[PDB]
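Protein chains in written order, with this note's numbering: chain A, -16 to 422; chain B, 658 to 711; chain C, 4 to 431; chain D, -7 to 323.
Virtual Cβ for every residue (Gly too), placed ideally from N, Cα, C.
What follows is a single structure, written as structure tokens, with notes after it.
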Amino acid sequence: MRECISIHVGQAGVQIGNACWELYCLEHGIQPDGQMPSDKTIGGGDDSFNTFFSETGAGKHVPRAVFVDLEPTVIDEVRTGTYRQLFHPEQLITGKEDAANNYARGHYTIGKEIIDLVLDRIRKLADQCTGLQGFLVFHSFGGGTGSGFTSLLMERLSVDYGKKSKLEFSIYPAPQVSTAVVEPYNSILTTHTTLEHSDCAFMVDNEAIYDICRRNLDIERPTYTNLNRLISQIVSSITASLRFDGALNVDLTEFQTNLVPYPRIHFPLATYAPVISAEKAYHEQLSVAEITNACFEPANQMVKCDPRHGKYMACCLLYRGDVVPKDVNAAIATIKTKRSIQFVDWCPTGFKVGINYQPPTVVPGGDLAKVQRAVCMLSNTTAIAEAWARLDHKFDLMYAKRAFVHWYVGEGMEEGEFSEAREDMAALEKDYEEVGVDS
Amino acid sequence: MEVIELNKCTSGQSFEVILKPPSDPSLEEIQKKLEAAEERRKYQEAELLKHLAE
Amino acid sequence: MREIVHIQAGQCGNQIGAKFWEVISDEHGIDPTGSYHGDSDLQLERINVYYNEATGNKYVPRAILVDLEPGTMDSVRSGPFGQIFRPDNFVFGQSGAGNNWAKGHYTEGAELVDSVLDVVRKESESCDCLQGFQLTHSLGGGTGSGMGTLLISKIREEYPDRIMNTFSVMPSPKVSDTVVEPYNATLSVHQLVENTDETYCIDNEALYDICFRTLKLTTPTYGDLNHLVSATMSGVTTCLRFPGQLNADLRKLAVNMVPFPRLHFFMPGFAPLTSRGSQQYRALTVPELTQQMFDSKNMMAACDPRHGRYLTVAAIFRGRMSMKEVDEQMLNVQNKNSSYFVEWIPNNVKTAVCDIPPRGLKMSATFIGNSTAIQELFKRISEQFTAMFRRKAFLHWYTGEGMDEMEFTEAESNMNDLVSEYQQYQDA
Amino acid sequence: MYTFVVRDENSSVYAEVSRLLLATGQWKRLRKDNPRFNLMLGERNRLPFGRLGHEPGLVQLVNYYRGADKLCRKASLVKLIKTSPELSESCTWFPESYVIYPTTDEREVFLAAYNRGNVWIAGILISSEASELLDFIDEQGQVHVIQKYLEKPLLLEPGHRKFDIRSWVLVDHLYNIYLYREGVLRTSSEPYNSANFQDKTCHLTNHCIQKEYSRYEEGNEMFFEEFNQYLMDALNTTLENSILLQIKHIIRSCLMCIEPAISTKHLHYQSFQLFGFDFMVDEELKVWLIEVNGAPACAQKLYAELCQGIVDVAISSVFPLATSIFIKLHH
Ligand SMILES: Nc1nc2c(ncn2[C@@H]2O[C@H](COP(=O)(O)OP(=O)(O)OP(=O)(O)O)[C@@H](O)[C@H]2O)c(=O)[nH]1
Ligand SMILES: Nc1nc2c(ncn2[C@@H]2O[C@H](COP(=O)(O)OP(=O)(O)O)[C@@H](O)[C@H]2O)c(=O)[nH]1
Ligand SMILES: [Ca+2]
Ligand SMILES: [Mg+2]
């Protein structure tokens, strides 16, 4: 058994954190006080679910995680909500002044001022770990902390834990819920600095989650709660394999082996289905064929983009519920004809499939209905570069006029770190173009 | 059209289905970079206090 | 919490400041004695941004009352809420400043200033997270104009890294008849360009035009003006005082509104406009609130917004309503008038909603625009200044305090620059 | 109100569209870089499809289908027909073609069928000899295609000259295939002379190279009522039966082949697009396809009508306001 540390950074990462950690608790049958009657290994055991929870001699199961906001308002809701008993005071790190949606502020000013306390607090968890494999980092691109501290922390982590894996769940900015206009600045900046320290990034575009909540759950004006609950389902599909008995995606190195042939193209597109309203009077259950096809409709992806215009370099199907290979292959067979699904030549046209027999768990009174089966696809398609092209364009419109630049410069950041960050993005978009988008 | 490495357990199954075959800086340099930023940040404030003291 | 130190100086300064306090004190449930008597814990949840905790569950405005003459001190101390201010926080001289910037900044204001800064230290020193200051003052007189901008220079020097916020009342010959106000205003604008992060431009031309035309106030008074200045102040500070996401501290506001350091002059706007004591018969529908708040008849700076381009814009909605509709309506605005927003700042309009409404309104909106069209206002002042500086007229009132022509030439040049700067960004 | 930007100032065709839209008080033209548009009249190359369909509050329409270039680039079209089971070598309305590269290559495979009457085509080079032909492109420095030059073209009279059929096809967001009723033959002025494969005059009907030499038709454009008449007076048939039946069949077969790859049915932006198909009638009245044109211009006579029809079926269909010139190709 090999443990993983979760690191939730900034408001978004921390609020998404409890969304996951709550769900995780429901799935493994853990209670708000760390108790898990089902575990009989009282005070330990190297069970698959220990990867995410450690055990206390009193029988409390404690997430292998640390949250860290540069301001206290959000984390205080974690040290007071239902699951306050469940975490450990020292894994909820907070500062006083935040980073005012300013990457440079959270990276340099205030970053420096609380990196070591974070790194230390993290080594604490690496010790009660017999074979730590790496970290999952949850953050937003747009905020001060989320963008600027995380990239700071990602570089100390490549120093402090060289042989360790780092995965990202990263929230791409959308104006329908964004609270800053400099967000493209912070997104490009933090992507650049972080690109070489992250083994695999899952970018959830707020815009995508938001329409999924509007169209499929009848929710008028989605709140962060709705968004964050849906993100916890998809996140739980990506991590189910690390906490349950399986042979596919058993440890974090396997994620980059399965999804990431090139190190820079490490942003797999996640696609999930079915997403049904709990209040739906009746819903005719969807079939393995029907859910698997849904995975090729752009309207279910965590990122609106067209994979028909782009090539694949990997694909994974993560089924939860009542699924058997016969149906899976059957369905593949048939979508293979109807849809346009070209891989790149130096890659086999093929799917890796995993099935967890236990259907998806829903937060009682949440927005999602229980479903007899569900699937998360993890395609690595070049089509996700669409997201970079549009973010880079917004960057270009503003930096041409130098709008807002003085806020980052005034914190010490040098104007050039803007152009070198952006130029790296152009490299990134160029590689995506070479690889895919040939035939 | 080719199921590979079917692995079964009481939690679920895992397999591969193929249809067609194929046709870093240092704590030193990190600190060298944070500090170049407070040196600029503190210089800017110097010049500002300097103006204000004029 | 992030605390804000409020300073209010001079006649104008001290009277819009007292009004602001009685309005937000109601909003937050504090009674004219400093004791909480509301319901919603949303009232108290951020109360310490603007108030201070004393034993008795009592709440003291973190306010400092400054003037070079005892008149206005005594009026406010004998106003409705005259009793809820830290009495050592009254700093006042005797001379007065006689509508003279140079006396507020240089000669009379000098004697008094350190006594003001002591209270500012004593207030700042007991802040866990001072975020900055907000000063209320006028720009056409002598104390608030001249001593206000001096205090701002002295405050930035002790707190170079806290935010500086001013509500600055601009002079208009529709409401005043002192000939030297264009001098005081240009000397003060020159200071504000260099030393404040965010300045709201409460223009007395706009305040008079609203009151006289729109509200049909035949014989308006400063209490009528100050009624518009009261609602606006409550509006643009909602995001600091109740729980929320957007523009919820002075820095985060600035990073959202100020794309270049000098262009930090804001054009406010309120809907619905109301004469005080106006019986409110109907609520505004969300599309009504939206249309009006963007309308020129509704600005607090007499500038044609269609004569420029919006650099950035913040919209605050208050009262129980539909975010689904606010969001629909705010989008439609930018979509049907899309050239009036610079295309080189994407998504430059941020919208907040506060469920708690202001007093006597079920529904209001408050608009904060950073529009290049505010060059019209500085231009108005600049042309009055020039008219009489080109003949060094009335200059003796100033050179006899030890000022020197050269200063007037500088303040004028920096403002003429500010205008050309706003104009270059009108063309992209 | 609706908003459009313009980003190809060389479109005779969508210059008419923007002119019409404006002339309604219901359409304003933003500046190309303003993102807050409903309609993008879109550039010819590297049009930023990635950026479309993300403005909330706005419904966005663009006048191209991402990936319609497969139909509209000669080397790609070939590969499209050859590979797509819907078309394949079962295809009998496409001249026999291969893709060749200067200095997936079908050069060996080309000669393979080159054997013993054999004339082919690549301005461009026509010749009945592999040498001089293959090496022409083998130097050229631009990938080109080798297509069997049709030796027995139907030739109009009086003249004994070859022509060229242009049909305009509009495909809206629903993937309705509209065929504009009026088409044009691009006629040759110099009587088509066999053994002149290097003449490039009588042999080529390109409106350009014909305006160099030219008589019977105003600017070498014959329209359908005249061509129908001639087809009746000689030949004894209709334009409908002999030719247009094949044409409607080729437009439908091509556009649907790619429909799964460019349909915007369930997409966050909508496409429509105007295609110009280029056909060749031959001696036995059998239609052949050559160019599909992705940004076609229009015969001067017909601009008024087609361009209004584009606005009508393709743009107003999506953005409404307050007999039909097209033939919907049913599928
Ligand atoms: N989907 C989603 N996005 C969120 C949530 N919370 C915050 N965000 C996004 O995250 C962005 C800022 O991220 P952070 O850098 O972490 O901001 P923060 O956590 O407040 O930390 P500071 O920026 O230092 O104040 C905001 O613009 C939001 O759009 C959430 O709960 N769900
Ligand atoms: N809008 C507004 N303007 C005011 C108010 N009180 C004074 N003023 C303006 O301030 C100017 C006088 O400035 P003054 O009070 O003498 O400045 P001070 O001596 O430095 O305090 C007049 O021209 C008025 O237009 C007020 O309550 N509201
Ligand atoms: Ca057990
Ligand atoms: Mg924040």
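*Touch test, the segment 194 to 212 of chain D against the segment 222 to 239 of chain D, Cβ-Cβ under 8 angstroms, three pairs minimum*: no
*Neighbourhood of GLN262 (chain D) by C-beta distance below 6 angstroms, restricted to the same chain and skipping five residues each side*: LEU53, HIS165, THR256
*Could you tell me whether any Cβ in chain B is nearer than 7 angstroms to the Cβ of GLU160 (chain C)?*
yes
*Any C-beta of chain B sitting closer than 7 angstroms to the C-beta of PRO308 (chain A)?*
yes
*With DSSP run on the structure shown, which of helix, strand or coil describes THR206 (chain A)?*
coil
_Please report the distance separating the alpha-carbon of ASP99 (chain A) from that of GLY82 (chain C)._
53 angstroms
*Identify which residue in A:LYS319, A:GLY337, A:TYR193, A:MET296 has its Cα closest to the Cα of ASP305 (chain A).*
A:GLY337
_Closer than 9 angstroms between beta carbons: that is the criterion. Which residues of the segment 153 to 185 of chain C meet it against chain B?_
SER156, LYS157, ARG159, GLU160, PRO163, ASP164
*asked:* Taking CB distances under 7 angstroms as the criterion, tell me whether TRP371 (chain A) reaches chain B.
replied: no
_Is there a Cβ of chain C sitting closer than 7 angstroms to that of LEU380 (chain A), yes or no?_
yes
*asked:* Is there a Cβ of chain C sitting closer than 7 angstroms to that of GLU695 (chain B), yes or no?
replied: no
_Stretch pair the segment 120 to 132 of chain A + the segment 160 to 179 of chain A: three plus CB contacts closer than 8 angstroms_ = yes
*With a threshold of 16 other CB atoms inside 10 Å of the CB of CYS204 (chain C), please say whether the residue is buried or exposed.*
buried
_At the level of alpha carbons, what is the spacing between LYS107 (chain A) and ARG47 (chain A)?_
10 angstroms
*Using the rule of at least 16 other Cβ atoms within 10 Å of the residue's Cβ for burial, across every protein chain shown, is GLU184 (chain C) buried or exposed?*
buried
*asked:* For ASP206 (chain C), tell me which candidate among C:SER191, C:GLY149, C:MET303 has the shortest Cα-Cα distance.
replied: C:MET303
*For the alpha helix (DSSP H) that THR235 (chain C) lies in, which residues bound it at each end?*
225 to 239
*Pairwise C-alpha distance: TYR162 (chain C) and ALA87 (chain A)*: 21 angstroms
*Out of C:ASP34, C:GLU56, C:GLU48, C:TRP104, which has the shortest C-alpha to C-alpha gap to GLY405 (chain C)?*
C:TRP104
*Starting from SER342 (chain C), find everything on chain D with Cβ-Cβ shorter than 8 angstroms and list it in chain order.*
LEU22, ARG23, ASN26
*Can you list, in chain order, the residues of its chain whose CB lies under 6 angstroms from that of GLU38 (chain A), leaving out five sequence neighbours each side?*
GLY26, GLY27, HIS44
_Sequence-distant residues of the same chain with beta carbon closer than 6 angstroms to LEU220 (chain C), five excluded per side_ = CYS214, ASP227
*Looking at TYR170 (chain D) and ligand 1, is the gap between the Cβ and the nearest heavy atom below 6 angstroms?*
no
*In whole angstroms, what is the alpha-carbon distance linking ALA370 (chain A) and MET360 (chain A)?*
18 angstroms
*Please indicate yes or no: does the CB of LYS335 (chain A) lie closer than 6 angstroms to some heavy atom of ligand 6?*
For the structure depicted, ligand 6 is absent and the ligand set comprises only ligand 1, ligand 2, ligand 3 and ligand 4.
*In chain C, which residues lie less than 7 angstroms from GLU80 (chain A) when you measure between Cβ atoms?*
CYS132
*Which of the three DSSP states, helix, strand or coil, is assigned to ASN350 (chain C)?*
coil
*Drop a sphere of 10 angstroms on the beta-carbon of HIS399 (chain C), count the other beta-carbons inside from all chains shown, and report buried for 16 or more, exposed for fewer.*
exposed
*Mapping DSSP to helix, strand and coil, what is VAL(-2) (chain D)?*
coil
*Return the CA-CA distance between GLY117 (chain A) and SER129 (chain C), expressed in angstroms with no decimal places.*
43 angstroms
*What span of residues does the beta strand (DSSP E) with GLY337 (chain A) cover, start to end?*
332 to 339
*Of all Cβ atoms in chain C, is any one closer than 7 angstroms to the Cβ of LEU709 (chain B)?*
yes
*For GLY89 (chain A), write down the residues that DSSP places opposite it in a beta bridge.*
Its beta-bridge partners do not exist; DSSP assigns none.
*With respect to the beta strand (DSSP E) encompassing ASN241 (chain A), which residues constitute its N-terminal and C-terminal limits?*
Counting along the chain, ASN241 (chain A) falls outside any beta strand (DSSP E), though it belongs to the alpha helix (DSSP H) covering 235 to 242.
_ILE(-1) (chain A) versus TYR207 (chain A): straight-line alpha-carbon distance, rounded_ = 9 angstroms
_Check whether the segment 125 to 140 of chain D and the segment 83 to 95 of chain D are in contact - that is, three or more C-beta pairs closer than 8 angstroms._
yes
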